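See below for the structure under consideration.
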Amino acid sequence: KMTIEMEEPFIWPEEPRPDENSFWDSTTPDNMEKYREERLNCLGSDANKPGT
Amino acid sequence: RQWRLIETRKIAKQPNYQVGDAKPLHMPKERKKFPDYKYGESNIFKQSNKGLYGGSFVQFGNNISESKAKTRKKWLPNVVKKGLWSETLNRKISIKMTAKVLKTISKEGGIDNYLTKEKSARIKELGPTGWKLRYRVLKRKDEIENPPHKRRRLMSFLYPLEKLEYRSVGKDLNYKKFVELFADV
Amino acid sequence: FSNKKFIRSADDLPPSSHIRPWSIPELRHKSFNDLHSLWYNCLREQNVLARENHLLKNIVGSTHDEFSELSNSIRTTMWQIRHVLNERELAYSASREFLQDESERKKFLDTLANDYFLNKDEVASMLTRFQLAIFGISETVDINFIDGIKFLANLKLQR
Amino acid sequence: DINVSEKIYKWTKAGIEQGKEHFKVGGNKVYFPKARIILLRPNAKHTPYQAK
Amino acid sequence: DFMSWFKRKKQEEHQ
Amino acid sequence: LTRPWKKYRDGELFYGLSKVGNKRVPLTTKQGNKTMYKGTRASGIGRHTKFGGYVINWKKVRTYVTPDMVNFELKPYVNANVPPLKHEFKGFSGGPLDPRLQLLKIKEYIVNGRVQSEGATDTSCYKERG
Amino acid sequence: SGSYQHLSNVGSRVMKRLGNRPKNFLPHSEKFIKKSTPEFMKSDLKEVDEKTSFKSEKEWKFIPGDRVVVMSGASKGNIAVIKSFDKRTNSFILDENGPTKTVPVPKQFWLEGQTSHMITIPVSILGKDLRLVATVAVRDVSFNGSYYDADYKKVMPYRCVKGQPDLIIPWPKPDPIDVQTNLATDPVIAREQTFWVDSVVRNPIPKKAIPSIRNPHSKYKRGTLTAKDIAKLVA
RNA sequence: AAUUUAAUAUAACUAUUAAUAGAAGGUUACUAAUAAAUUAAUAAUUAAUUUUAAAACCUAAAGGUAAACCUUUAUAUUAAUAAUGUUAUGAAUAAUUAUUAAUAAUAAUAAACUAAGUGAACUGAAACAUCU
RNA sequence: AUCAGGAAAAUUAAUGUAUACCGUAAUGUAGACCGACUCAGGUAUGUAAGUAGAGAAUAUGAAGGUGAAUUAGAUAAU
RNA sequence: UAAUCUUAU
Ligand SMILES: [Mg+2]
Ligand SMILES: [Mg+2]
Ligand SMILES: [Mg+2]
Ligand SMILES: [Mg+2]
Ligand SMILES: [Mg+2]
Ligand SMILES: [Mg+2]
Ligand SMILES: [Mg+2]
Ligand SMILES: [Mg+2]
Ligand SMILES: [Mg+2]
Ligand SMILES: [Mg+2]
Ligand SMILES: [Mg+2]
Ligand SMILES: [Mg+2]
Ligand SMILES: [Mg+2]
Ligand SMILES: [Mg+2]
Ligand SMILES: [Mg+2]
Ligand SMILES: [Mg+2]
Ligand SMILES: [Mg+2]
Ligand SMILES: [Mg+2]
């Protein structure tokens, strides 16, 4: 990773809202991951335990 | 006798290389000076590769007592360093010989004669060194017999003219290159 | 970036049905400079996608992969371009080799002379093109140039 | 006449003035580069005049 | 498959 | 507690999952002694000095040459309404590398002077000679 | 994720081993995958390998757009226009009339105009399970000729009914791709010829560009022998 | 039309018999792509035969090294031209770019089978030493 | 003082110099290394506030760091 | 002592 210094400044555009952009919305993949963790690591009577 | 430890030896059969064929991956730097010796180079009594041993390898066998208690012994040949005169080379050639080999040389009447005997047995019981010596002697004999005429200057005359012609077209030309070009011509 | 967007949405991206990578044949009849420009545009597009793709994978942890597919497609076009560039050079080298064989060259010259030159029912234009094609003579000096001059003189004498 | 760092600075200034490279261009000409770069978001430690 | 279907449905809704 | 949710002694480590693992795995730039220098194929550029410095050799430095007149109208993708073109090299064993074909093309150029092909003229076309 | 794996190819052997799992332990591999996936995501059909995948339009017996009767299922004897195929599974997604399943869905994936979490979604179905229609259904279709399509822009085959070859089942004319993107070059510029093979003297692309185009130190490209080299080699 | 039984798969090893022939791994990335021809047989085709592109680094043997790195400088000379700017007196001396000709290079290679060299001991002899 | 103390790699003048690669976190008398364990063991170097002193002994502790995967009570016999 | 052998340049 290479930092550079430049004679004119720059600031990034502001990241989009959850409702606006389809891709930039971390809720879904994180939820999916959580569900996977629950299901694989569920052992005995935690099968009956309701999902998060 | 037999030449079992010699004629058993096998060497990798080199494929005949055509002028238009593709190269091998490892081509050597310096060219082959001597001819290929049929029976390679001994891979057991490597002491004998440096000299004229007369196909006399080391034996291994058993020391046996009065009790017949067997113990492993080895039986070395009577090797000896000996500078012997070559008439063909006009110098004496110093090498390790078996006393037997020295006796054979004496019988045959010279070292060159011993080397150059056409029988297969002799060839077998020459070493790689012995084979090289033979080649040296034979080549020298051939030269003595047949000098080139019984061309170089013409080449030398033509070379500068050829270079000038090349320059007139546009390119430079070096001798070695000229020699390479006009070897077969 | 692309239109100053932190991230292209699904609608902002070009759809898969509308977009196609370049065909090798299409690339083959493009000039060198044009091909070079195309390559650099591709590279720029990849950079834009790479920035975005990284953000998607590293931060949000997505598996949507449209950007990745686009990058792959661009990479395909790039190697096709690279292939056609190599292929053209090889073809040129082969032509040079063919010309170096003297008899074949002579035959080619004879063929040229028979059909289009020295005939009636433009010629100057053909000669100027032919000059450039076969020899080093535009409108600098070499054995090839001399040979071309001699050939031109011979043609003039004939005509 | 002048020291090395000063000479370098002068060269850089000259290149800027030109609108040519502000640095000595190499001879190893890469026509078709395959390298991509990922423009990153700025950290707290960097300024608006930097990019990584 | 489902994700693709959902995307198609969204597109239809949009247009 | 190292971590407040784990009050009791499970067989969990202070950091990571397993201490053990395959030790025989290639070195990186970070590992080894002070003297251990791996490098990253980045700098066969100049030459190391007798005193420990370095002197760049600019004829052996990578420039990235960009075309002076950039054709921006060429894009990374083609419009899919255009079909993918297909060349045919019948009567040429060498194909596009065939010297005979090249000679023919040169002859055509000489005669006509930069005439565009079937595919180049007509976008509806899908197959072509050249 | 916080990965960085995607910018490299590290642990390559391990990845290969994982990727190319033996086929006799494929049930083992997929059992846990099935468990992991929610009901609305998971499919009943087998995810076939890219080798055994219908890439050609001959391999697929039907294209997205054509009308097909469903059979060997719950919604059997039902006409349905096939919407889009799934590439990994080798199957079709039909319209509303085809086979479906009602499954709960989170508010991330809610369509506009929904009261409940419960939503009916179309299940995938194989080409074996459904037969063409033209009203008359077709038992089997065969391909014998081929031609350039104007709309599809491909040398597609002729779908002919099995037995009588003259009864052609025509392909469905697809929707017009109205392309308006900045990353797609237009038809005129895409195909315009800027190169011609003219010069034998000047090479077309410069000498300094060659190293990018091909590796000058290629270990594969062996040198040809000469007479001198032969002489050196041979004793 | 469906079900069952037996056989066959790109998708098991082992033994036998018959026939035929004598064969890349890893590392991580600026990912290591391909293009064609001719010939039958029903334009696209599948099949056969032939040509052709690219292909990083490491795997003793270009030279090193602490495998996947470093250093050599073939996007090199050397010469011949052409264009450019400087020095000293139309000719001479050095530098940069672009053509043309000349100069060298890339060992990852099986294992079993065969032949040769050297050649044990446990063990058996109801011990052990010849013998085995 | 005897115990008698490494090796190996020039200078003026003119012309240059756009300055490569790798290391840099934290841990390191230790829960982050070697000891099968967050193991009273083993682990190289330099600073190591002042007051006291012969001192790097000993007491204190400015600053800094720390008070812990066991707690609460009871404190028989031992 | 031009049998052998050891050393140095
Ligand atoms: Mg261990
Ligand atoms: Mg360290
Ligand atoms: Mg340094
Ligand atoms: Mg090697
Ligand atoms: Mg070193
Ligand atoms: Mg044996
Ligand atoms: Mg016994
Ligand atoms: Mg006993
Ligand atoms: Mg540190
Ligand atoms: Mg620090
Ligand atoms: Mg510390
Ligand atoms: Mg401890
Ligand atoms: Mg440890
Ligand atoms: Mg212990
Ligand atoms: Mg103190
Ligand atoms: Mg305190
Ligand atoms: Mg601490
Ligand atoms: Mg404790």
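Expressed as an acute angle from 0 to 90° and rounded to the nearest 10, what is the orientation of the C-alpha long axis of helix D:4-18 relative to the principal long axis of chain D?
70 degrees
What FRET efficiency comes out for the pair G:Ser53/B:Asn43, r = Cβ-Cβ distance, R0 = 56 Å, nearest 0.05?
0.45
Quick check: pseudo-label points 7 Å beyond the Cα along Cα→Cβ at F:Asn57 and F:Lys90, how many nm apart are they?
So the two model labels end up 5.6 nm from each other.
Let me have the 222 nm mean residue ellipticity of chain C computed from DSSP H runs of 4+ only, each contributing -39500 (n - 2.57), with the sum over all residues rounded to the nearest 500.
Per the formula, -22500 deg cm²/dmol.
Highest mean first, what order results for G:81-87, B:95-101, A:1-7 on Cβ atoms within 10 Å?
B:95-101, G:81-87, A:1-7
Give the shape of chain D as rounded, prolate or oblate, defined through the alpha-carbon gyration tensor: a ≥ b ≥ c are the square roots of its eigenvalues, a/c under 1.5 means rounded, and otherwise the shape is prolate if a/b is larger than b/c and oblate if not.
Judged from the Cα gyration tensor, chain D comes out oblate (a/c at least 1.5, b/c at or above a/b).
Find how many whole Å separate the alpha carbon centroid of region G:181-211 from the alpha carbon centroid of region A:21-50.
A separation of 52 Å, based on Cα centres.
Taking beta carbons within 10 Å but only from partner chains, what does the mean come to for residues D:20-26?
Other-chain Cβ atoms within 10 Å of each residue's Cβ, averaged: 3.
Go ahead and run the numbers for FRET between G:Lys154 and E:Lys9, Cβ-Cβ distance against an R0 of 41 Å, rounding to 0.05.
Step by step, r from the Cβ atoms, then E = 0.90.
Take each of the peptides G:165-172, F:75-82, average the number of other beta-carbon atoms within 10 Å over its residues, and list them starting from the highest.
By packing density, highest mean first, the sequence is F:75-82, G:165-172.
Using the alpha-carbon centroid of each, what span in Å lies between region B:1-64 and region B:87-132?
Rounded to whole Å, the Cα centres lie 18 Å apart.
According to the square roots a ≥ b ≥ c of the eigenvalues of the Cα gyration tensor, what is the shape class of chain G, taking rounded for a/c under 1.5, prolate for a/b larger than b/c otherwise, and oblate for the remainder?
Here chain G falls in the prolate category.
Using a simple spin-label model with points 7 Å from Cα along the Cα→Cβ vector, what separation in nm is obtained for D:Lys29 and G:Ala231?
4.0 nm
Helix A:27-41 versus the longest principal axis of chain A: what is the Cα-based angle in degrees, 0 to 90, to the nearest 10?
Helix A:27-41 sits roughly 40 degrees off the main axis of chain A.
Between B:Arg4 and C:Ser17, what is the label-point separation in nm under the 7 Å Cα-to-beta-carbon projection?
Each label point is offset 7 Å from its Cα along the Cβ direction, giving 8.6 nm.
Among C:130-139, G:104-113, how do they line up from the highest to the lowest mean number of other beta-carbon atoms within 10 Å?
C:130-139, G:104-113
Counting other beta carbons within 10 Å of each residue's own, what order do B:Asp172, C:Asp147 fall into, fewest first?
B:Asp172, C:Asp147
Is it possible to state the helix-based mean residue ellipticity at 222 nm for chain G, with each DSSP H run of 4+ residues giving -39500 (n - 2.57), the sum divided by total residues, to the nearest 500 deg cm²/dmol? What is it?
-3500 deg cm²/dmol
With everything on Cα atoms, drop me the angle between helix F:99-112 and the longest principal axis of chain F, reported from 0 to 90° to the nearest 10.
50 degrees
Could you grab the relative contact order for chain F? Cα pairs under 8 Å, six or more apart, rounded to a whole percent.
Value for chain F: 16 percent.
For a Förster distance of 22 Å, can you work out the FRET efficiency between the beta-carbons of F:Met69 and C:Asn47, rounded to the nearest 0.05?
It comes out at approximately 0.55.
Roughly how big is region G:102-171's charge dipole about its Cα centre, with Cβ charges of +1 (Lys, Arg) and -1 (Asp, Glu), in debye to the nearest 20?
Here the size comes out at about 160 debye.
Restrict the search to region B:1-83; then list the trypsin sites (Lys or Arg not before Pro) that DSSP places in a loop and that have at most 11 other Cβ atoms within 10 Å of their Cβ.
Passing both the DSSP loop test and the Cβ count: B:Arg1, B:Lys10, B:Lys13, B:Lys29, B:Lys33, B:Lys68, B:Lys70.
Neighbour counts of other C-beta atoms within 10 Å: give me F:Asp98, G:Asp175 arranged from fewest to most.
Going from least to most buried by this count: G:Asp175, F:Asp98.
Please work out whether the protein assembly as shown counts as rounded, prolate or oblate from its C-alpha gyration tensor, where a ≥ b ≥ c are the square roots of the eigenvalues and a/c under 1.5 means rounded, while otherwise a/b larger than b/c means prolate and anything else oblate?
Prolate shape, in that a/c is at least 1.5 and a/b is the bigger ratio.
Once you average over the residues of A:1-9, how many Cβ atoms of partner chains fall within 10 Å of each Cβ?
That works out to 4 on average.
None of the figures in this text is laboratory data; all of them are computed from the coordinates on show. Every residue, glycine as well, gets a Cβ built from its backbone with ideal geometry; the counts of neighbours run over all protein chains shown.
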